[PDB]
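Asker: Chains as they are written, first to last, in the working numbering: chain V, 1 to 457; chain D, 1001 to 1457; chain U, 2001 to 2457; chain E, 3001 to 3457. I'd like to ask you about the structure that follows.
There are 4 protein chains.
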Amino acid sequence: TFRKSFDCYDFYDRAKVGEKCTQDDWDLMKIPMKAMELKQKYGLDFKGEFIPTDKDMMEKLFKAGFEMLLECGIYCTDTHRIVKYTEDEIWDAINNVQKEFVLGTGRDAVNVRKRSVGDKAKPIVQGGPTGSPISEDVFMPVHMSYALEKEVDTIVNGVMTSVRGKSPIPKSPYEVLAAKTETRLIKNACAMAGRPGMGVXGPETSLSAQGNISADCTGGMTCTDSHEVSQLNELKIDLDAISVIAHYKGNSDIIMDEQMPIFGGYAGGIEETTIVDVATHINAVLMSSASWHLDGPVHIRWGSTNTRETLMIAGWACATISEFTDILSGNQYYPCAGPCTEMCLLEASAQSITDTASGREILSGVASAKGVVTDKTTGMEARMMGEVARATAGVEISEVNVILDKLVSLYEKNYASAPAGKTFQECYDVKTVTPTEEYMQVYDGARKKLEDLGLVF
Amino acid sequence: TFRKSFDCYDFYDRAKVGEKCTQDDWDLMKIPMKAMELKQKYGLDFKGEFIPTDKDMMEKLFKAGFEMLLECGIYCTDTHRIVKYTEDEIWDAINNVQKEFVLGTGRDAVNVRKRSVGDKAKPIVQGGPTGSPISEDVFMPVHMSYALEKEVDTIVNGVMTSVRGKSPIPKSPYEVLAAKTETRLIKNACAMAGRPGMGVXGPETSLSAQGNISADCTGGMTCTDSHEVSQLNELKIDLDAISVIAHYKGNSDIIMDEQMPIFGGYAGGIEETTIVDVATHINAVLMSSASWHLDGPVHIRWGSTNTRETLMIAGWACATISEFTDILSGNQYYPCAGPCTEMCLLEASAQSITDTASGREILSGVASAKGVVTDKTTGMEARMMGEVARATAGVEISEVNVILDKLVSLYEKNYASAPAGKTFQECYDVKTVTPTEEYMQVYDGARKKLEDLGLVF
Amino acid sequence: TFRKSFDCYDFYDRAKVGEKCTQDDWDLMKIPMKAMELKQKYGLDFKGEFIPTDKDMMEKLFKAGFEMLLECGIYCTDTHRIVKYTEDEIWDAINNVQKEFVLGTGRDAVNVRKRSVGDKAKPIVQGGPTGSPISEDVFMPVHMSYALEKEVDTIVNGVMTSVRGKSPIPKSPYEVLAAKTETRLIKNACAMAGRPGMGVXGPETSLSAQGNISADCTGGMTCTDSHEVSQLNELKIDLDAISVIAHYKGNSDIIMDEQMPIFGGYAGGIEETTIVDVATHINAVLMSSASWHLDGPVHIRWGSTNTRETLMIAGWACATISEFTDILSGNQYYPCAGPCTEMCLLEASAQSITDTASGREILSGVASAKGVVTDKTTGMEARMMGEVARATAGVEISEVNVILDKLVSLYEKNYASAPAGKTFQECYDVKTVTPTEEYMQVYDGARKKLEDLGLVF
Amino acid sequence: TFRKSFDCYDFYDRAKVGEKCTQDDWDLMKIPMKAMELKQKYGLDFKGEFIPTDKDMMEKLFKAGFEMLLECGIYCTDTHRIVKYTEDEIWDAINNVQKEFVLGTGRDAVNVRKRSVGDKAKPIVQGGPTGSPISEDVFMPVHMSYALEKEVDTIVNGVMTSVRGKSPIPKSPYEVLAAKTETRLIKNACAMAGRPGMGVXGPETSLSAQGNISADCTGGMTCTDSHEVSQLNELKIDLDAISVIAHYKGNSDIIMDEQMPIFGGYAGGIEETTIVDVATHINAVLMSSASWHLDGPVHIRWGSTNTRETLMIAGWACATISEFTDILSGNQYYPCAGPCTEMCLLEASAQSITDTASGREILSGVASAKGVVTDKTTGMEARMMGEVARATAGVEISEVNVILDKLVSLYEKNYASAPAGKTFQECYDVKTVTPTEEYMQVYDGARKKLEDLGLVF
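Here it is in structure tokens:
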């Protein structure tokens, strides 16, 4: 049996004395070799499906992911050593996950409970700039554009490009100021939208351990919000995250561990990256004591989470995690196109369909324009994400796979020419925080195409 | 109809003017006569089953328990008088029980909802010294050994053998100090384990009404913890408990009424003691306004809750209560053997199998070494209790009965020679609060035997 | 030096092994002998003054009181043994008393800071039924009559003659219900008077340790209220109080220790009883860890706190305690006459003059009709107590002594014929909670007589 | 005029673009040159006095300290640049300091208000291990030894040598665990001493910014506790502290900035080091937005704060700061000798006399054995610190200077042979947390010598 339930403290202990290994030996050899080995040994073949209908193949994928984690372990960047788990420790973690939890407070709180593949229940819609850079002078209005949408249940924080007119440089006092201020301003925006108790997910502006740890404060982040800790790529972590985890646990905070496996990255192709994905879902409840895990498969070239490959990775990982474990999870949205464009909405829609049908409990989006363009994120994208989730709930998986194949084909040849889109200030009336007629028309166009494919809103 | 929903105040009123009766007339005549009468009138025969599969027999057991309570009433030790209920008052209590509730706070909180016989859902694992005497210098470490186990959901408090180096003598200021300190220290231990909001069950060190009433305090017991009030043996209560109940109700505290029927005691044999058990489950929601009831059938000779007879009593009482009422309940663990012994683990395992399959919502253990030996309780026993509960969930009752018959036969001939076991200090590294290799090996041995019997972990 | 700062735990320890002594040996020998001895050794003679102007005599009184406590100790009724203190332990207690504290919350909170003899600052006016029996159907209105008076700063709780129509018999669940309900209802009355945060002093309806300990609750008594623990007569205590003290300390509650020395009681005459009074003021911060001490010298025959002798005892004790220590204190009011009578108002006025000029920080009244007649207490008596306190503040002590001599002579020949007075229902419009014209006229008459004596309102 | 009131954000801004300077150029040239220059220009000569009686010399010392800060600025270690203030910015900071504040909660809270030189009011006694290393298994008992002393008002945290049996290595998760656990355990110890609301000062076990920032938590440090940020030597700071300051400010935490000027260090001798001391008292309210400043002049060779020179530095700095500003402050205690020795008590006594008479509001001690020896700190040292403070309050400064000269001469020739003393476990009964007869006798011996010198307890 195991000595004790594994936690961040055991991780630190092992990271200091584990097998010495260069990061290249990990990225260019150990990881790709194991993913390749397990794919062939289990004969994994997704056969073009976005969401699996072959439970035998799903079980083999689960075993592969478990074995990937067990045989490889986790690479610690700071100590350049490998941390290994025992089979019993992994099962103790999987056998004792958080069953459910509540986000937000008062009338605005929402319950997060497990969803099954093809579940009639609608997932939680976590809308927001999704870590995208937002100008300080419109930080509240931008977030209010999400709170004003009934489709949105919780908020995923954007990043302040400045606080008191200064850049929140990591390890500077401005980073601490931003960490606390970020959620304080966002909850104030929610209150202005008549929803003071909406839960949020962050912190996002801070990057260092000290900055992230300073985020919990009065009026700011509290135990009813999702606290983010990020795993690295692939099956890797830094000590900063380990200390942040200890902090979240010590404050009784709901913990959201995230990991964005890279298709075409160190793991390899579709099945290979999915094995890594399953492994990181498991690592979340083991290393990070996560309450829930946020996935986000991204294309090495396009940097989007809604390409055919990344959608298949997410669909299979989630359906498998949903079938063999009670781990709560979500997926994050990074479309290529920017706001106020039909492509952006169709991209997010494809992912919403995939996430909803595959069993995700939470949809966290939308980081339009790949989340790297200042002010290019608005509540309209989250509205579509939510409406599409409702349209997808309860639909037969066979039908969903057909719809996805048709939808993805509508934009997958235009990644390189994805429209830049517009900023919040350009497609919204900033004063009243309402979308322009231009955006409403674009929205209708996208919705019509989705209906032509078979979706019923 | 009834005048008003019955409560502790009505009990006091009636206890002062009820039928005068000596305690011997109650214990040696009224109780045994009625149990004997109802057993024969309803033709109760459990036919060797630990968990019933005959719903007709179960219904007769329910009617017998109801009638036992209705015809006998409750004996008040302080006034030496009998309190009687009306049929309508009993039904009003049964028809309006607490449907569900939450224990603990923040990320660490857990929901307690009704379970059915053979339910696939796993019961709540309430681990702790279970009222056993624990040395003051290791009070926190011992409790931390339970909080560190992911298998454990809430903590059941141990008893401080001293506070500030002094015995917490009843009605002395030290009893009050211990009542408040007990949970304050335990929640601090939970926080050190990264679970600040774990719910607890107590108070345990205090014995008088004034001591028990002083337990609610800042940093200590709060409304999200289970508050214990104890019924006496059999269908009996003292006025101290009645005042404690008034206090719990006045503080909006979750109330856990407990009663440990004695097999071979005043009621008589198996079926007779089970009739009393059902009667006390009902009395819990009537007299104590209980949120949930904690059972604990104990063998008059062995003083354990896991003998063949006591397991049958618990299994039938719970399955019947689960079938005909919505009363939430649990069972407490008192093995003969001490920690770090195979027998102790097998004893607790037999009870976990029984409690899980019979429909218990909460498992409260483990009071190893019969809970009377200082420092002889560790988190390892609770880990087994939890893992066995998971293994049992969803298993066909017919199969469970077969497994139990085989398992109990493995130790039921060794009660008189049950191994003393070791203390926490002997089978754990007190500094890191981790089990020794010795214990881990003993644990594996017990687990292997359970697997050979058919349990799948 | 001392081993540790003395507390209730040390008291319990010593009470179990101290010198065995019958209560008669204590009351009829040890106490009267020591008081007699110290009076003569220090040549104490108050020479008719209500408030001392001879600092040398005051210092001798202080030394006598200290020595009374040091040489006698405290008799524990439950163990029939004597607890002794060391000189160093007593000084550690006197040298480290609570400097100040706040009562109540929000806008309604008030600061309690030390007052000197003849201080221009007005003492805190704690108005209420002062433990008098109040009918359940008018419990809120009666207390509201005090909250409606701007003269009143905090409330001193009355006693519920019934709760839910039943007597709150000690050690019955009704006592617990009353303990919590008492303050809940009173604070609701304060809220109706537009002062939701007024602090209170209690609990009063409960008498047992378990009842008193149950008083702290949501909506009821909290740390910003004065928590009462009562010393016995004379230099005596029971273990119930010792446990209650442990409870108050464990909840960070402001503690008000009270002791009502009896003139003509076991101690003897005026100077003798004052020596005991000083000794009990000191015992308050030693045995009870008091935040402040409530005095209340009472006449053995008349049962009032405002006779010439009891006023002199209070005046000298307080002036001396104020001169040589920083112990915060107050005095309680028990007039012979009932409400709506001129005598009642004059009696309370004499005490208010004495308490204010002698240095009391808090005036707790008024228990009209000796506090033993149902519903015979109203806010009008507290209004007079407060207005007279303002009139007295800053007045030269020589002048105060002259006024007191004249005032007390106005009623001291009528103790046996003191008017019964009327109930709240008879001298107030219960619906609007306002005094009748009858009472207002009686009030004016008393006020006029006080003005003729020299008081300026 | 100034652009804006100066804060940590302005400091960061300036630290990035200020004058480049090597640390040697700062320590070996800029600082010593300016201190030397200002000492001579103002003709500073303390003429052997511990506490000044020459207000003209005091005013010159104030001007020198102000000018030291204005002309030198502050060296930032991380950027190797100098931050400069303007005269107007410094005055804005000095002209707007925190007037007063409250530490702790409930009955246990205490007010901190300004004291003058020779004030009759007693300073706040902040007792504790004072950052000394304390074994995990006695962490609570050791701190309880301070809470049990009525002389002690607040607690100054010790350092956990281990948490869950592991060293709290900086930037490891154990550091975060210790940061939160430290105060949680200490407040639990205070509660066991019957003082749940005692305020504390920390965090102490953590050393990194992330560790310090994680200290605020439920059950742990809160806004009513003093939050420590440390300045470096001399007129120097690191960016970690700057971020910690931003965090404290963002949480509305009471901030305690500390700086321990080294006699014989970079500044030079007595007057030179005092100029630096005054400069750092001012820098506290400027750079750190301090609520109060903690001094601690230490001897370069002996490493103690109670040598003749360090006492003179503290006395002059405080008397001057008290005379010309309203800056609240305290001093920390580092005796050479260990617990249970007469020298240790006499050393701390000399400093208590100096701090009390010079105007300190808070006395933070005692770090016996120079605070570097595991478990060598007990409440007895704080008791002496407190009793001596009471004895000193109100005494004429001329008399205090005479007493100090005599007292310091009693031990100043024995620094090299200062007795090692004993651990808490050796001079206390760990179970009851009470001093041994051995310590009580040592205590009496020291007290007698202090009385022979003229102190009246």
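In this text, a Cβ means the ideal position worked out from N, Cα and C, and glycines have one as well.
From U:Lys2055, U:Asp2238, U:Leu2363, U:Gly2445, pick the residue whose C-alpha is nearest to that of U:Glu2151; which is it?
Answerer: Along the third sequence, read from residue 1 onward, the residue named residue 2151 of chain U stands at position 151. Comparing Cα positions, the closest option is U:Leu2363.
Asker: Thinking C-alpha only, which one of D:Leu1070, D:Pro1335, D:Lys1004 is nearest D:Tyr1415?
Answerer: To locate residue 1415 of chain D, count along the second sequence from 1; it is residue 415. Per the Cα distances, D:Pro1335.
Asker: Go to D:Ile1254, then tell me how far its beta strand (DSSP E) extends in each direction, as first and last residue.
Answerer: In the second sequence, residue 1254 of chain D corresponds to position 254, counting from 1. First-last of the beta strand (DSSP E) with D:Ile1254: 1254-1258.
Asker: Is it buried or exposed, E:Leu3028, if we count other Cβ atoms within 10 angstroms and call 16 or more buried?
Answerer: Position 28 of the fourth sequence, counting from 1, holds the residue named residue 3028 of chain E. Exposed: under 16 other Cβ atoms inside 10 Å.
Asker: Tell me which same chain residues have a C-beta within less than 8 angstroms of the C-beta of E:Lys3120, skipping the five on either side of it?
Answerer: What you label residue 3120 of chain E is simply residue 120 of the fourth sequence in a count that begins at 1. Closer than 8 angstroms at Cβ, skipping near neighbours: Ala3393, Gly3394.
Asker: Please state the DSSP three-state secondary structure of E:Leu3455.
Answerer: On the fourth sequence, residue 3455 of chain E is found 455 positions in, with the first residue counted as 1. Three-state result, E:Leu3455: coil.
Asker: Three-state secondary structure (DSSP) at U:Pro2173?
Answerer: As a first step, residue 2173 of chain U must be located in the third sequence, where it is residue number 173. DSSP places U:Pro2173 in helix when its eight states are reduced to three.
Asker: Establish whether the CB of D:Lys1431 and some CB of chain E are separated by less than 7 angstroms.
Answerer: Taking the second sequence and counting its residues from 1, the one referred to as residue 1431 of chain D is at position 431. Yes, D:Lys1431 lies at the interface with chain E (some Cβ there is under 7 angstroms from its Cβ).
Asker: Apart from the five residues on each side of it in sequence, which residues of its chain come closer than 7 angstroms, Cβ to Cβ, to U:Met2144?
Answerer: The residue given as residue 2144 of chain U occupies position 144 in the third sequence. The answer, listed in chain order, is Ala2189, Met2192, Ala2193, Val2433.
Asker: Starting from the Cα of V:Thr274, find the closest Cα among V:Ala147, V:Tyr9, V:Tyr42, V:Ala15 and give me that residue.
Answerer: Here residue 274 of chain V refers to the residue found at position 274 when the first sequence is read from its first residue. Minimum Cα distance to V:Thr274 is reached at V:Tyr42.
Asker: Does any residue of chain V have a CB that is nearer than 7 angstroms to the CB of D:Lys1150?
Answerer: Residue 1150 of chain D sits at position 150 when you count from the first residue of the second sequence. D:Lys1150 counts as touching chain V.
Asker: Would you kindly check if the distance between the Cβ of D:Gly1421 and the Cβ of D:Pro1339 is under 7 angstroms?
Answerer: Within the second sequence, the letter at position 339 stands for residue 1339 of chain D. Within the second sequence, the letter at position 421 stands for residue 1421 of chain D. Going by C-beta atoms, D:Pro1339 is nearer than 7 angstroms to D:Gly1421.
Asker: Going by DSSP in three states, D:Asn1331 sits in which element: helix, strand or coil?
Answerer: Looking up residue 1331 of chain D in the second sequence gives position 331. Strand.
Asker: Any chance you could list the beta strand (DSSP E) runs of at least 3 consecutive residues sitting entirely within the segment 1358-1430 of chain D, in chain order?
Answerer: You should have 1362-1365.
Asker: What residue does the alpha helix (DSSP H) around E:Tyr3146 start on, and which one ends it?
Answerer: By 1-based counting over the fourth sequence, the position of residue 3146 of chain E is 146. Taken as a continuous stretch (DSSP letters only), the alpha helix (DSSP H) holding E:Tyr3146 covers 3139-3147.
Asker: Within the continuous alpha helix (DSSP H) that includes D:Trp1091, where are the two ends?
Answerer: The residue you call residue 1091 of chain D lines up with position 91 of the second sequence. Note, D:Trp1091: alpha helix (DSSP H), 1087-1094.
Asker: Pair every Cβ in the segment 3004-3011 of chain E with every Cβ in the segment 3061-3073 of chain E, then say whether three or more of these pairs are closer than 8 angstroms.
Answerer: Contact fails: fewer than three Cβ-Cβ distances are below 8 angstroms.
Asker: Taking beta-carbon pairs under 8 angstroms, can you tell me which members of the segment 2156-2177 of chain U lie near chain D?
Answerer: Residues passing the 8 angstroms Cβ filter: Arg2164, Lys2166, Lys2171, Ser2172, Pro2173, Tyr2174, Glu2175, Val2176, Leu2177.
Asker: Among residues of its own chain, excluding the 5 on either side of E:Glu3342, which ones have a beta-carbon nearer than 7 angstroms to its beta-carbon?
Answerer: Taking the fourth sequence and counting its residues from 1, one reaches residue 3342 of chain E at position 342. Closer than 7 angstroms at the Cβ level, and outside the excluded window around E:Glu3342, lie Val3442, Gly3445, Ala3446.
Asker: Keeping to the same chain, check which residues put their C-beta closer than 7 angstroms to that of V:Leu38; ignore five residues upstream and five downstream.
Answerer: Indexing the first sequence from 1 puts residue 38 of chain V at position 38. If we look at V:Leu38 and ignore the five residues flanking it on each side, its Cβ neighbours are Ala64, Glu67, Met68, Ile275.
Asker: Using a Cβ-Cβ cut-off of 7 angstroms, state whether D:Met1440 counts as contacting chain V.
Answerer: Residue mapping note: residue 1440 of chain D aligns to position 440 of the second sequence, counting from 1. Output row for D:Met1440: interface = yes.
Asker: Taking C-beta pairs closer than 8 angstroms, name the residues in chain V that E:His3227 reaches, listed in chain order.
Answerer: Within the fourth sequence, numbered from 1, the residue matching residue 3227 of chain E stands at position 227. Those within 8 angstroms of E:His3227 in chain V number zero; the least Cβ separation is about 13 angstroms.
Asker: Quick check: the segment 1013-1020 of chain D against the segment 1275-1293 of chain D, are at least 3 beta-carbon pairs closer than 8 angstroms?
Answerer: No, the segment 1275-1293 of chain D does not touch the segment 1013-1020 of chain D.
Asker: Taking all protein chains shown into account, do 16 or more other C-beta atoms lie within 10 angstroms of the C-beta of V:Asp452, making it buried, or fewer, making it exposed?
Answerer: Translated into the one-based positions of the first sequence, residue 452 of chain V becomes position 452. The residue in question, V:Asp452, is exposed, as its Cβ has fewer than 16 Cβ neighbours within 10 Å.
Asker: Taking 7 angstroms as the CB-CB cut-off, is E:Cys3076 touching chain V?
Answerer: Within the fourth sequence, residue 3076 of chain E is the residue found at index 76, counting from 1. So, not an interface residue.
Asker: Could you tell me whether any Cβ in chain D is nearer than 7 angstroms to the Cβ of E:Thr3378?
Answerer: Your numbering for residue 3378 of chain E matches position 378 in the fourth sequence. No, because no Cβ of chain D sits closer than 7 angstroms to the Cβ of E:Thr3378.
Asker: Where do the N-terminal and C-terminal ends of the beta strand (DSSP E) with U:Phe2002 fall, by residue?
Answerer: Reading the third sequence from its first residue, position 2 is the one you call residue 2002 of chain U. That residue, U:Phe2002, is in no beta strand (DSSP E); it is neither H nor E in DSSP.
Asker: What does V:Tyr9 touch in chain E if you count any residue whose Cβ is under 8 angstroms from its own?
Answerer: To locate residue 9 of chain V, count along the first sequence from 1; it is residue 9. In chain order: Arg3164, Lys3166, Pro3173, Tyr3174, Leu3177.
Asker: Compile a chain-ordered list of the residues in the segment 3340-3363 of chain E whose CB is closer than 9 angstroms to at least one CB of chain V.
Answerer: Against chain V - using a Cβ distance shorter than 9 angstroms - the segment 3340-3363 of chain E contributes no residues.
Asker: Taking the alpha-carbon positions, what's the E:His3080 to E:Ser3368 distance?
Answerer: In the fourth sequence, counting from the first residue as 1, residue 3080 of chain E sits at position 80. In the fourth sequence, counting from the first residue as 1, residue 3368 of chain E sits at position 368. If I take the Cα positions, the gap works out to 35 angstroms.
Asker: Just to confirm my understanding: we take D:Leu1148, look at its own chain, exclude 5 residues before and 5 after, and list those with CB closer than 7 angstroms. What are they?
Answerer: Locating residue 1148 of chain D in the second sequence gives position 148, counting from the first residue. Closer than 7 angstroms at the Cβ level, and outside the excluded window around D:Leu1148, lie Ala1193, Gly1379, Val1433.
Asker: Checking contacts by CB at 7 angstroms: is V:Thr154 closer than that to chain D?
Answerer: Here the question's residue 154 of chain V lines up with position 154 in the first sequence. With 7 angstroms as the cut-off, V:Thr154 does not count as an interface residue toward chain D.
Asker: Restricting to Cα atoms, I'd like to know which of U:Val2125, U:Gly2211, U:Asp2078 is closest to U:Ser2352.
Answerer: As a working mapping, residue 2352 of chain U is identified with position 352 in the third sequence. When only C-alpha atoms are compared, the closest one is U:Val2125.
Asker: Smallest Cα separation from V:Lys47: which of V:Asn401, V:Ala284, V:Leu455?
Answerer: Your numbering for residue 47 of chain V matches position 47 in the first sequence. Comparing Cα-Cα distances from V:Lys47 to each of V:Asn401, V:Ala284, V:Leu455, the minimum goes to V:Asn401.
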